[PDB]
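Structure first, then comments.
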Amino acid sequence: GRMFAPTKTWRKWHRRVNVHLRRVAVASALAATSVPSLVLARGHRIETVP
Amino acid sequence: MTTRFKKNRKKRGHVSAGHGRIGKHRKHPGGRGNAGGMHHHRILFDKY
Amino acid sequence: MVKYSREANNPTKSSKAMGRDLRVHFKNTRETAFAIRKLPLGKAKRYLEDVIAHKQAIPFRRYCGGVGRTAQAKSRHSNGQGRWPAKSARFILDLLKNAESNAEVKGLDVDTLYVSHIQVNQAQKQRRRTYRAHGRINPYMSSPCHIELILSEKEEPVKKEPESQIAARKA
Amino acid sequence: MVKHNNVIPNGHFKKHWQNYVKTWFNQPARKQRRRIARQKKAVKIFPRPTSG
Amino acid sequence: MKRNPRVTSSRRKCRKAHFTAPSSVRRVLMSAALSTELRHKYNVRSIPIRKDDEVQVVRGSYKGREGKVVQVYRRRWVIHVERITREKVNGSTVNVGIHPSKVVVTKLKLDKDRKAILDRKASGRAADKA
Amino acid sequence: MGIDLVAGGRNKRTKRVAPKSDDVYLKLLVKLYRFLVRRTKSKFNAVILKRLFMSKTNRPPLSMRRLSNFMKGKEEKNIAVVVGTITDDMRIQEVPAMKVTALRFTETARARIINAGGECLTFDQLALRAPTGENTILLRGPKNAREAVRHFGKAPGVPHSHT
RNA sequence: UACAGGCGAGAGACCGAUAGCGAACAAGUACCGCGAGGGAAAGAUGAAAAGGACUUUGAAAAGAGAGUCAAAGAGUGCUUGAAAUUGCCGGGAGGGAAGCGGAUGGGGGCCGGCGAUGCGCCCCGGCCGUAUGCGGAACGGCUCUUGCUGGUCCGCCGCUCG
RNA sequence: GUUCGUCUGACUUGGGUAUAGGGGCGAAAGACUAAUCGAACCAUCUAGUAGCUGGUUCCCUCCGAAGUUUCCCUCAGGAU
RNA sequence: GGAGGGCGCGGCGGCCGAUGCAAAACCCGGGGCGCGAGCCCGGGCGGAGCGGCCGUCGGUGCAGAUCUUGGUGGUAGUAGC
RNA sequence: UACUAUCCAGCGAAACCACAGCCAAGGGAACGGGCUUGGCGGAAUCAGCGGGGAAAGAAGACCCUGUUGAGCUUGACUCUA
RNA sequence: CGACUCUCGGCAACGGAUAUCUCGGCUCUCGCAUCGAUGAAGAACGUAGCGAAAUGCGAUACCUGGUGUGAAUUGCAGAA
């Protein structure tokens with residue numbers, strides 16, 4: 001039989017983003033490469049440059 | 001105890017107005033007119 | 001033998017047999033196994049012939065609810081329930097004949113010993129359905145059964161040999 | 001059945017909306033079809049603008 | 001998955017086509033790796049085989065057998081080669097199927113239409129290389 | 001045991017460093033206050049700690065107006081501790097300077113306050129130079145006002161006879 | 001601008017054989033009903049059938065040997081083969097005794113565990129060598145042009161000892 | 001099964017043929033109309049509704065009720 | 001009845017591990033951990049892929065429902081034929 | 001007196017089952033197989049039996065209630081061929 | 001005192017769950033226009049060497065011409 005719930009086309013697979021909110025996140029991401037600790041923490045193997 | 005047609009809250013937002021009471025507006029119709037002809041917007045927007 | 005059960009012996013020293021999907025009462029044919037286990041080949045064969053004739057009864061130690069009762073109980077002295085199912089006795093007799101022959105294939109003597117181990121299991125249940133009153137239908141079904149029979153050459157001489165200082169007098 | 005200082009809600013739903021529907025499922029594809037149509041129009045005209 | 005507006009891409013579809021193989025599908029999947037001598041003549045690594053070829057088992061447990069390709073089977077995509085066999089209980093010998101990828105081509109019958117395949121693919125390999 | 005005894009066990013629990021504190025910068029800042037408060041005599045810095053704990057949905061934006069109006073020569077240009085943020089909906093050119101410190105400033109505020117005078121100071125600096133927490137007012141900020149006391153919903157919350 | 005059909009395609013934080021469509025398989029099939037209509041159950045040996053010749057028992061079906069297989073603890077009940085139930089057997093218990101099936105205590109029955117075996121000292125055997133000079137370097141506080149104080153280490157030679 | 005009503009007529013019974021669902025037919029019992037009749041069966045609308053009965057799925061922690069007030073076609077239930 | 005803090009399963013982005021010299025699964029009056037939810041490990045069976053951890057998400061955990069579907073008892077080798 | 005039952009050989013269901021099954025009285029959802037207190041306390045059982053299991057079959061057909069229906073009636077409400 | 005009643009393990013039988021598979025379903029998205037008295041949609045009954053079925057086809061009957069590919073089809077037989 002059917003079940004009254006189990007999905008059926010309604011469910012939003014679109015959540016809206018705020019551009020000002022998004023801007024902060026993008027900006028933060030650049031800064032994360034200039035601190036070596038986060039790069040190591042994420043699990044990058046690096047023998048990298050001076 | 002529930003059967004969700006009691007505590008769920010009945011079905012429809014009437015009986016809260018119907019014979020029960022609290023909230024909203026009471027004593028309803030005021031003026032009427034204007035229709036979809038005479039319609040929108042008289043603006044007030046501050047100069048400050 | 002199949003994907004095999006409790007043999008516990010040596011395979012060369014033992015014989016194995018199975019009959020498969022014989023239609024017999026599951027309840028009757030086990031009781032035959034219990035009542036006549038370990039006894040020599042000729043004596044066991046004769047006992048089964050006796051059951052058919054009604055010279056010897058099989059004690060029905062288990063099973064009640066008004067189950068058929070002792071014309072004679074015979075072995076084990078008295079015992080309240082007893083029946084002498086002829087057909088199931090015949091089927092195990094045929095299996096016994098096969099087991100004797102199987103021993104020869106091993107290179108064991110036909111002369112060899114007695115039934116060490118028997119199991120009886122319900123192989124499946126065969127379908128058929130029979131009509132009943134009030135427009136309902138309720139099944140009448142038979143059970144095919146697999147029965148295994150083990151003859152073991154170890155059992156008699158191991159007990160006999162280190163009876164000394166007292167004890168022995170048997171075979 | 002409000003238990004709030006809300007006005008009791010005015011829907012708009014107002015029919016079986018499951019029967020009707022309308023989805024923005026088509027919307028992600030939708031812009032692309034207009035855009036590729038514009039590219040095709042440029043090919044059709046060849047020189048001269050003719051945006052409209 | 002990976003790129004391109006094209007007809008073909010679907011994990012199910014790839015399986016569906018190659019198992020039941022229509023004739024063009026059979027021939028392209030009948031492409032079996034050449035031996036090294038032949039690779040430097042026709043300048044290709046693999047070509048579709050035949051029945052009057054001779055083909056040597058490299059890959060399997062059965063390795064070291066050689067024989068002519070007796071038959072090729074569509075329905076379950078397999079090829080059958082002579083002398084790669086298993087014995088039935090009575091003593092009958094029945095061929096064991098081998099995939100054309102596993103087996104390596106010892107010898108070619110050129111033909112005329114099969115010969116055309118060699119020329120076009122060779123031209124292909126010339127263009128990229130130089 | 002008692003009902004009296006149960007009364008002690010059912011006591012308060014306002015207490016919370018907020019249910020979720022997402023902001024790492026907020027979270028480290030309250031640790032700095034936590035360390036200094038128990039190592040200093042300052043009642044004032046202890047008050048700051050509570051206002052930066054429980055909620056951000058309670059921290060009030062404060063306009064340049066009224067900030068200016070209570071430092072009117074009866075506070076000689078001290079430091080204004082603003083819990084939430086400065087907002088810029090005024091022009092008077094305010095006071096001719098003032099040192100304003102806050103948790104957050106609007107981008108407009110950063111330009112506007114410093115180009116009126118003083119300096120937009122961060123709360124990190126407030127902690128640094130005044131763990132003692134003196135010569136300081138927690139300036140103001142309201143949310144209890146005309147709009148949104150119990151004035152919610154659709155049609156507010158009333159004069160009061162019936163509602 | 002539309003698109004749950006048709007045809008030909010691309011995909012999914014889809015489903016994984018009681019799920020997914022009614023149908024993965026001969027499915028709108030078999031079957032049910034007078035009819036309108038209702039409508040299942042049902043996938044998997046293995047790389048390859050190499051699907052058990054032959055011998056023997058049995059009326060035959062089967063069994064027992066054997067052959068085959070990497071594996072028959074894979075033999076078209078076929079990959080894995082759970083619970084329930086059933087059989088065998090073993091253990092406990094006992095045929096003078098009353099049952100909520102457990103908890104609590106003791107004994108049996110069953111089984112895993114239990115510093116590599118420690119320290120001070122001296123003798124022999126074994127190996128290495130500091131300080132200081134040499135020779136090559138990653139370091140420090142810092143300064144940050146630039147400067148001064150502090151390095152340790154390894155290579156391994158010299159000179160004295162351990 | 002026994003006992004028994006009728007058995008030359010308002011008789012018995014077949015085939016062909018007519019009448020179909022608020023309809024038929026009825027020497028009338030609401031009887032009967034394909035094991036179905038105080039409104040047949042089938043599919044659909046329909047995943048219809050039901051203050052009422054049943055069931056409602058992993059753990060631990062801390063706090064911990066009430067069957068009362070008011071209104072109600074309300075007294076098996078809501079609002080408050 | 002609320003709130004709080006966890007556990008287990010399936011799949012997804014990350015990250016790390018494990019494997020035919022034996023994975024997962026299943027069995028185990030075998031050991032050990034956690035108050036528990038559960039977890040861990042051994043032995044047996046087995047033969048090809050899987051688990052832990054950090055995020056994400058659900059068709060996410062069962063004893064019932066005169067439960068649904070499949071299997072199997074006692075009844076009973078009894079009523080009976 | 002027949003045909004059963006019974007007893008045999010063969011064949012072989014179902015209903016039903018929380019777990020089961022020795023009494024007395026007591027209290028208790030106010031009438032216990034179980035609890036409490038006394039009496040007791042056959043293994044293993046068959047043919048019988050109709051006290052009991054408030055045995056089983058049937059969401060009591062009655063009776064009340066539901067803002068639940070439907071058949072019918074009419075001087076109901078409201079429409080109409 | 002065998003037995004019985006009970007329990008468990010080990011090995012099994014029962015059963016088809018579980019795991020792991022999946023030429024399938026499911027849902028979304030894209031492209032496409034294109035039935036018929038010129039005999040359709042749908043049915044029936046036949047035709048394969050050996051066929052019950054599905055699939056294919058129609059007395060020109062598991063197919064024909066033409067064309068592409070270029071040697072298989074296979075369970076066995078068979079044409080060469």
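Residues are referred to by chain and number: the chain letter is A, B, ... according to the order shown in the structure tokens, the number counts from 1 in that chain, and ligands are numbered separately from 1 in the order shown.
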Write down as a PDB file with N, CA, C and O atoms, in the first residue's frame the residues of chain F whose backbone DSSP state falls under strand (DSSP E).
ATOM      1  N   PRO F  61      20.444  47.381  19.720  1.00  0.00           N
ATOM      2  CA  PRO F  61      21.099  48.406  18.922  1.00  0.00           C
ATOM      3  C   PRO F  61      20.835  49.778  19.513  1.00  0.00           C
ATOM      4  O   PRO F  61      19.742  50.014  20.028  1.00  0.00           O
ATOM      5  N   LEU F  62      21.857  50.663  19.489  1.00  0.00           N
ATOM      6  CA  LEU F  62      21.829  51.963  20.109  1.00  0.00           C
ATOM      7  C   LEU F  62      22.211  52.937  19.039  1.00  0.00           C
ATOM      8  O   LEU F  62      23.261  52.812  18.417  1.00  0.00           O
ATOM      9  N   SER F  63      21.345  53.951  18.811  1.00  0.00           N
ATOM     10  CA  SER F  63      21.584  55.017  17.873  1.00  0.00           C
ATOM     11  C   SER F  63      22.517  56.035  18.472  1.00  0.00           C
ATOM     12  O   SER F  63      22.740  56.070  19.681  1.00  0.00           O
ATOM     13  N   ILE F  79      34.082  56.432  28.407  1.00  0.00           N
ATOM     14  CA  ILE F  79      34.006  55.378  27.426  1.00  0.00           C
ATOM     15  C   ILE F  79      32.618  54.798  27.497  1.00  0.00           C
ATOM     16  O   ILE F  79      32.108  54.488  28.575  1.00  0.00           O
ATOM     17  N   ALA F  80      31.956  54.689  26.320  1.00  0.00           N
ATOM     18  CA  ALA F  80      30.614  54.183  26.192  1.00  0.00           C
ATOM     19  C   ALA F  80      30.717  52.739  25.827  1.00  0.00           C
ATOM     20  O   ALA F  80      31.250  52.409  24.774  1.00  0.00           O
ATOM     21  N   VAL F  81      30.192  51.850  26.697  1.00  0.00           N
ATOM     22  CA  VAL F  81      30.191  50.424  26.495  1.00  0.00           C
ATOM     23  C   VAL F  81      28.839  50.097  25.934  1.00  0.00           C
ATOM     24  O   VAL F  81      27.821  50.283  26.596  1.00  0.00           O
ATOM     25  N   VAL F  82      28.813  49.626  24.666  1.00  0.00           N
ATOM     26  CA  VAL F  82      27.597  49.375  23.934  1.00  0.00           C
ATOM     27  C   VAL F  82      27.601  47.898  23.679  1.00  0.00           C
ATOM     28  O   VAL F  82      28.503  47.363  23.037  1.00  0.00           O
ATOM     29  N   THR F  85      25.291  47.111  19.115  1.00  0.00           N
ATOM     30  CA  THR F  85      25.911  47.735  17.973  1.00  0.00           C
ATOM     31  C   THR F  85      25.473  49.171  17.944  1.00  0.00           C
ATOM     32  O   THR F  85      24.446  49.532  18.513  1.00  0.00           O
ATOM     33  N   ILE F  86      26.278  50.029  17.272  1.00  0.00           N
ATOM     34  CA  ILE F  86      25.964  51.417  17.036  1.00  0.00           C
ATOM     35  C   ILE F  86      25.220  51.408  15.725  1.00  0.00           C
ATOM     36  O   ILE F  86      25.534  50.611  14.840  1.00  0.00           O
ATOM     37  N   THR F  87      24.214  52.302  15.576  1.00  0.00           N
ATOM     38  CA  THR F  87      23.500  52.476  14.341  1.00  0.00           C
ATOM     39  C   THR F  87      23.435  53.971  14.135  1.00  0.00           C
ATOM     40  O   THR F  87      23.642  54.745  15.067  1.00  0.00           O
ATOM     41  N   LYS F  99      34.907  58.408  22.817  1.00  0.00           N
ATOM     42  CA  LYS F  99      35.510  57.120  22.640  1.00  0.00           C
ATOM     43  C   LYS F  99      34.401  56.151  22.902  1.00  0.00           C
ATOM     44  O   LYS F  99      33.847  56.111  23.998  1.00  0.00           O
ATOM     45  N   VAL F 100      34.030  55.378  21.861  1.00  0.00           N
ATOM     46  CA  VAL F 100      32.916  54.468  21.910  1.00  0.00           C
ATOM     47  C   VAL F 100      33.535  53.135  21.652  1.00  0.00           C
ATOM     48  O   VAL F 100      34.329  52.985  20.727  1.00  0.00           O
ATOM     49  N   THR F 101      33.180  52.142  22.493  1.00  0.00           N
ATOM     50  CA  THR F 101      33.642  50.787  22.392  1.00  0.00           C
ATOM     51  C   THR F 101      32.411  49.932  22.298  1.00  0.00           C
ATOM     52  O   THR F 101      31.402  50.214  22.941  1.00  0.00           O
ATOM     53  N   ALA F 102      32.448  48.882  21.450  1.00  0.00           N
ATOM     54  CA  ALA F 102      31.303  48.027  21.316  1.00  0.00           C
ATOM     55  C   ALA F 102      31.750  46.681  20.856  1.00  0.00           C
ATOM     56  O   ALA F 102      32.884  46.488  20.418  1.00  0.00           O
ATOM     57  N   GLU F 119      37.441  57.602  18.284  1.00  0.00           N
ATOM     58  CA  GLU F 119      37.971  56.335  17.831  1.00  0.00           C
ATOM     59  C   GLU F 119      36.930  55.297  18.124  1.00  0.00           C
ATOM     60  O   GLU F 119      36.340  55.283  19.205  1.00  0.00           O
ATOM     61  N   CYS F 120      36.697  54.386  17.144  1.00  0.00           N
ATOM     62  CA  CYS F 120      35.901  53.197  17.331  1.00  0.00           C
ATOM     63  C   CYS F 120      36.812  52.141  17.892  1.00  0.00           C
ATOM     64  O   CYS F 120      37.669  51.600  17.195  1.00  0.00           O
ATOM     65  N   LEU F 121      36.640  51.854  19.197  1.00  0.00           N
ATOM     66  CA  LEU F 121      37.426  50.909  19.944  1.00  0.00           C
ATOM     67  C   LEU F 121      36.694  49.603  19.925  1.00  0.00           C
ATOM     68  O   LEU F 121      35.470  49.574  19.851  1.00  0.00           O
ATOM     69  N   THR F 122      37.439  48.480  19.975  1.00  0.00           N
ATOM     70  CA  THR F 122      36.877  47.152  20.035  1.00  0.00           C
ATOM     71  C   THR F 122      36.790  46.758  21.495  1.00  0.00           C
ATOM     72  O   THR F 122      37.471  47.332  22.341  1.00  0.00           O
ATOM     73  N   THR F 136      33.515  54.596  33.319  1.00  0.00           N
ATOM     74  CA  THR F 136      32.837  53.889  32.271  1.00  0.00           C
ATOM     75  C   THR F 136      31.382  53.844  32.626  1.00  0.00           C
ATOM     76  O   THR F 136      31.001  53.700  33.789  1.00  0.00           O
ATOM     77  N   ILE F 137      30.542  53.990  31.584  1.00  0.00           N
ATOM     78  CA  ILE F 137      29.125  53.780  31.630  1.00  0.00           C
ATOM     79  C   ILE F 137      28.832  52.744  30.579  1.00  0.00           C
ATOM     80  O   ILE F 137      29.362  52.808  29.470  1.00  0.00           O
ATOM     81  N   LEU F 138      27.978  51.745  30.912  1.00  0.00           N
ATOM     82  CA  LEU F 138      27.294  50.931  29.930  1.00  0.00           C
ATOM     83  C   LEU F 138      26.182  51.814  29.452  1.00  0.00           C
ATOM     84  O   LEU F 138      25.204  51.996  30.176  1.00  0.00           O
TER      85      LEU F 138
END
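Distances from D:22, D:2, D:41, D:52 to chain G were compared using only C-alpha atoms (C1' of nucleotides), and the smallest one belongs to D:22.
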> Which polymer residues have any atom within 8 Å of an atom of stretch 89-97 of chain E, counting only C-alpha atoms (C1' of nucleotides), with same-chain residues fewer than 4 positions away left out, as a VMD selection string?
Replying inline: (chain E and resid 78 to 85) or (chain G and resid 48 50 52 to 53 67 to 68)
Counting only C-alpha atoms (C1' of nucleotides), chain E residues within 12 Å of chain K, as a tab-separated table (two decimals) with N, CA, C and O atoms, in the first residue's frame:
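Printed below is result33.tsv as written:
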chain	number	residue	atom	x	y	z
E	5	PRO	N	27.05	16.66	-23.54
E	5	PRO	CA	25.73	16.27	-23.99
E	5	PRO	C	25.92	15.24	-25.08
E	5	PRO	O	26.41	15.57	-26.16
E	6	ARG	N	25.56	13.98	-24.79
E	6	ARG	CA	25.85	12.88	-25.67
E	6	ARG	C	24.82	11.83	-25.40
E	6	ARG	O	24.11	11.88	-24.39
E	7	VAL	N	24.73	10.84	-26.31
E	7	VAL	CA	23.89	9.68	-26.16
E	7	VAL	C	24.84	8.58	-25.80
E	7	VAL	O	25.68	8.19	-26.60
E	11	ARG	N	24.95	3.79	-16.00
E	11	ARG	CA	25.60	2.60	-15.51
E	11	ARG	C	24.87	1.33	-15.91
E	11	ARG	O	25.49	0.30	-16.17
E	12	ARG	N	23.53	1.43	-15.98
E	12	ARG	CA	22.60	0.37	-16.32
E	12	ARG	C	22.64	0.11	-17.80
E	12	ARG	O	22.61	-1.04	-18.23
E	13	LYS	N	22.70	1.19	-18.61
E	13	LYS	CA	22.65	1.19	-20.05
E	13	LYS	C	23.86	0.54	-20.66
E	13	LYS	O	23.75	-0.17	-21.66
E	14	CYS	N	25.06	0.76	-20.05
E	14	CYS	CA	26.32	0.21	-20.51
E	14	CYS	C	26.29	-1.30	-20.44
E	14	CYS	O	26.71	-1.98	-21.37
E	15	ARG	N	25.74	-1.84	-19.33
E	15	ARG	CA	25.58	-3.25	-19.09
E	15	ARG	C	24.59	-3.86	-20.05
E	15	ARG	O	24.83	-4.93	-20.60
E	16	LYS	N	23.46	-3.15	-20.29
E	16	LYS	CA	22.33	-3.61	-21.06
E	16	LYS	C	22.71	-3.90	-22.49
E	16	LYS	O	22.33	-4.93	-23.04
E	17	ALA	N	23.50	-2.98	-23.10
E	17	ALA	CA	23.90	-3.04	-24.48
E	17	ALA	C	24.86	-4.16	-24.76
E	17	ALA	O	24.74	-4.84	-25.78
E	18	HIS	N	25.85	-4.38	-23.86
E	18	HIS	CA	27.00	-5.21	-24.16
E	18	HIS	C	26.73	-6.67	-23.92
E	18	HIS	O	27.39	-7.52	-24.51
E	19	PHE	N	25.74	-7.00	-23.05
E	19	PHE	CA	25.39	-8.36	-22.73
E	19	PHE	C	24.68	-9.04	-23.88
E	19	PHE	O	24.96	-10.20	-24.17
E	20	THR	N	23.74	-8.32	-24.55
E	20	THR	CA	22.84	-8.91	-25.51
E	20	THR	C	23.34	-8.65	-26.92
E	20	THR	O	22.83	-9.24	-27.87
E	21	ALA	N	24.39	-7.79	-27.04
E	21	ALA	CA	25.13	-7.39	-28.22
E	21	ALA	C	24.50	-7.60	-29.59
E	21	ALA	O	24.65	-8.67	-30.17
E	22	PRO	N	23.84	-6.60	-30.18
E	22	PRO	CA	23.64	-6.42	-31.62
E	22	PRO	C	24.94	-6.49	-32.39
E	22	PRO	O	25.98	-6.32	-31.77
E	23	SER	N	24.92	-6.76	-33.72
E	23	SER	CA	26.08	-7.15	-34.51
E	23	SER	C	27.25	-6.19	-34.45
E	23	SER	O	28.39	-6.64	-34.32
E	24	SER	N	27.00	-4.86	-34.53
E	24	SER	CA	28.04	-3.86	-34.45
E	24	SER	C	28.70	-3.87	-33.09
E	24	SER	O	29.92	-3.79	-32.98
E	25	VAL	N	27.87	-4.01	-32.02
E	25	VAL	CA	28.27	-4.17	-30.64
E	25	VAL	C	29.13	-5.41	-30.44
E	25	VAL	O	30.08	-5.37	-29.67
E	26	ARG	N	28.82	-6.53	-31.14
E	26	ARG	CA	29.56	-7.77	-31.01
E	26	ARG	C	30.97	-7.61	-31.49
E	26	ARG	O	31.90	-8.03	-30.80
E	27	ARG	N	31.15	-6.98	-32.68
E	27	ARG	CA	32.41	-6.86	-33.37
E	27	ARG	C	33.37	-5.97	-32.64
E	27	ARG	O	34.56	-6.27	-32.59
E	28	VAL	N	32.88	-4.86	-32.03
E	28	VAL	CA	33.73	-3.95	-31.29
E	28	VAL	C	34.17	-4.56	-29.97
E	28	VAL	O	35.27	-4.28	-29.50
E	48	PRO	N	39.49	-6.56	-33.94
E	48	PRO	CA	38.52	-7.65	-33.96
E	48	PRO	C	39.05	-8.87	-34.67
E	48	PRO	O	39.77	-8.73	-35.66
E	49	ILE	N	38.73	-10.07	-34.13
E	49	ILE	CA	39.27	-11.35	-34.54
E	49	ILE	C	38.35	-11.98	-35.57
E	49	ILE	O	37.74	-11.28	-36.37
E	50	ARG	N	38.29	-13.33	-35.61
E	50	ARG	CA	37.78	-14.07	-36.74
E	50	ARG	C	37.59	-15.46	-36.19
E	50	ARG	O	37.17	-15.62	-35.04
E	51	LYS	N	37.86	-16.50	-37.00
E	51	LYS	CA	37.51	-17.87	-36.73
E	51	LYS	C	38.65	-18.68	-37.30
E	51	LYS	O	38.88	-19.82	-36.89
E	52	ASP	N	39.42	-18.07	-38.23
E	52	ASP	CA	40.53	-18.71	-38.91
E	52	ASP	C	41.80	-18.07	-38.42
E	52	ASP	O	42.87	-18.28	-38.98
E	69	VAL	N	39.79	-20.09	-33.02
E	69	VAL	CA	38.54	-19.69	-32.41
E	69	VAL	C	37.48	-20.48	-33.11
E	69	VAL	O	37.28	-20.34	-34.31
E	70	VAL	N	36.80	-21.37	-32.36
E	70	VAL	CA	35.85	-22.30	-32.92
E	70	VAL	C	34.52	-21.62	-33.15
E	70	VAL	O	33.87	-21.87	-34.17
E	71	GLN	N	34.10	-20.73	-32.22
E	71	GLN	CA	32.78	-20.15	-32.22
E	71	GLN	C	32.87	-18.89	-31.42
E	71	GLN	O	33.81	-18.68	-30.66
E	72	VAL	N	31.86	-18.00	-31.58
E	72	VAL	CA	31.70	-16.78	-30.84
E	72	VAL	C	30.24	-16.76	-30.52
E	72	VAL	O	29.41	-17.09	-31.37
E	73	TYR	N	29.90	-16.42	-29.25
E	73	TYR	CA	28.57	-16.54	-28.70
E	73	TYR	C	28.08	-15.16	-28.38
E	73	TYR	O	28.72	-14.42	-27.63
E	74	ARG	N	26.92	-14.78	-28.96
E	74	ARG	CA	26.27	-13.51	-28.76
E	74	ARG	C	25.63	-13.37	-27.41
E	74	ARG	O	25.83	-12.37	-26.73
E	75	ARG	N	24.80	-14.38	-27.05
E	75	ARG	CA	23.67	-14.21	-26.16
E	75	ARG	C	24.11	-13.90	-24.76
E	75	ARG	O	23.61	-12.97	-24.13
E	76	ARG	N	25.14	-14.64	-24.29
E	76	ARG	CA	25.98	-14.22	-23.20
E	76	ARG	C	27.30	-14.04	-23.90
E	76	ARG	O	27.84	-14.99	-24.45
E	79	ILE	N	33.54	-15.85	-26.06
E	79	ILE	CA	34.07	-16.47	-27.26
E	79	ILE	C	34.56	-17.81	-26.82
E	79	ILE	O	34.85	-18.03	-25.64
E	80	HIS	N	34.65	-18.77	-27.76
E	80	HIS	CA	35.04	-20.12	-27.47
E	80	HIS	C	36.21	-20.41	-28.34
E	80	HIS	O	36.19	-20.15	-29.54
E	110	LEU	N	43.87	-12.17	-42.99
E	110	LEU	CA	43.72	-10.79	-43.39
E	110	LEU	C	42.33	-10.45	-43.85
E	110	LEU	O	41.79	-9.42	-43.46
E	111	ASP	N	41.72	-11.33	-44.68
E	111	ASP	CA	40.46	-11.10	-45.37
E	111	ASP	C	40.55	-9.89	-46.26
E	111	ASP	O	41.64	-9.53	-46.72
E	112	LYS	N	39.40	-9.23	-46.55
E	112	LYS	CA	39.34	-8.09	-47.43
E	112	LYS	C	38.64	-6.99	-46.69
E	112	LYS	O	39.10	-5.85	-46.69
E	113	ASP	N	37.51	-7.31	-46.01
E	113	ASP	CA	36.73	-6.37	-45.24
E	113	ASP	C	37.34	-6.21	-43.87
E	113	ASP	O	37.37	-5.10	-43.34
E	114	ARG	N	37.86	-7.31	-43.27
E	114	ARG	CA	38.60	-7.27	-42.03
E	114	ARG	C	39.90	-6.54	-42.20
E	114	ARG	O	40.37	-5.85	-41.29
E	115	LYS	N	40.51	-6.64	-43.41
E	115	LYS	CA	41.73	-5.95	-43.79
E	115	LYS	C	41.55	-4.45	-43.79
E	115	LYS	O	42.46	-3.72	-43.41
E	116	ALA	N	40.35	-3.97	-44.19
E	116	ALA	CA	39.97	-2.57	-44.21
E	116	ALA	C	39.97	-1.95	-42.83
E	116	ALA	O	40.28	-0.77	-42.69
E	117	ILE	N	39.62	-2.76	-41.79
E	117	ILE	CA	39.60	-2.36	-40.39
E	117	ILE	C	40.99	-2.02	-39.94
E	117	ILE	O	41.19	-1.05	-39.22
>> Can you work out which residues from chain I touch chain A at a cut-off of 9 Å (counting only C-alpha atoms (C1' of nucleotides)) and hand them back as a list in words?
In response: residues 14, 15 and 59 of chain I
>> Show me, as a PyMOL selection string, the residues that have an atom within 12 Å of residue J:68 when counting only C-alpha atoms (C1' of nucleotides), minus same-chain residues fewer than 5 positions from it.
In response: chain H and resi 49-50+52
>> Can you tell me which residues surround residue K:6 at a distance of at most 12 Å, considering only C-alpha atoms (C1' of nucleotides), apart from same-chain residues fewer than 5 positions away, and format the answer as JSON, numbers by chain?
In response: {"G": [92, 93, 94, 101]}
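Any residue of chain C with an atom no more than 7 Å from chain G counts as a contact; using only C-alpha atoms (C1' of nucleotides), that gives residues 3, 6, 17, 18, 19, 98, 101, 102, 105, 106, 118, 119, 120 and 121 of chain C.
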Distance table requested - chain G against chain A, cut-off 12 Å, only C-alpha atoms (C1' of nucleotides): one row per qualifying residue with the closest atom pair and its distance in Å to one decimal, ordered by chain and rising residue number, as a tab-separated table.
residue	atom	partner	partner_atom	distance
G:13	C1'	A:13	CA	11.4
G:14	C1'	A:7	CA	10.7
G:18	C1'	A:1	CA	11.8
G:19	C1'	A:1	CA	11.8
G:21	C1'	A:1	CA	11.8
G:22	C1'	A:1	CA	11.4
Grab the residues selected above and save them as a PDB file, in the first residue's frame with C-alpha atoms (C1' of nucleotides).
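Below is the file that was written, again.pdb:
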ATOM      1  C1'   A G  13      22.208  12.036  -0.831  1.00  0.00           C
ATOM      2  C1'   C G  14      15.610   7.076  -5.316  1.00  0.00           C
ATOM      3  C1'   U G  18       7.432  -8.866   2.112  1.00  0.00           C
ATOM      4  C1'   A G  19      11.297  -3.153  -0.908  1.00  0.00           C
ATOM      5  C1'   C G  21       5.477  -0.361 -10.424  1.00  0.00           C
ATOM      6  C1'   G G  22       0.431  -4.800 -10.378  1.00  0.00           C
TER       7        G G  22
END
> Do you know which residues are at most 7 Å from stretch 152-168 of chain C counting only C-alpha atoms (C1' of nucleotides), after dropping those on the same chain fewer than 6 positions away, and could you put them as a list in words?
Replying inline: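 Residues meeting the cut-off are residues 13, 14, 15, 112, 113, 114 and 116 of chain C.
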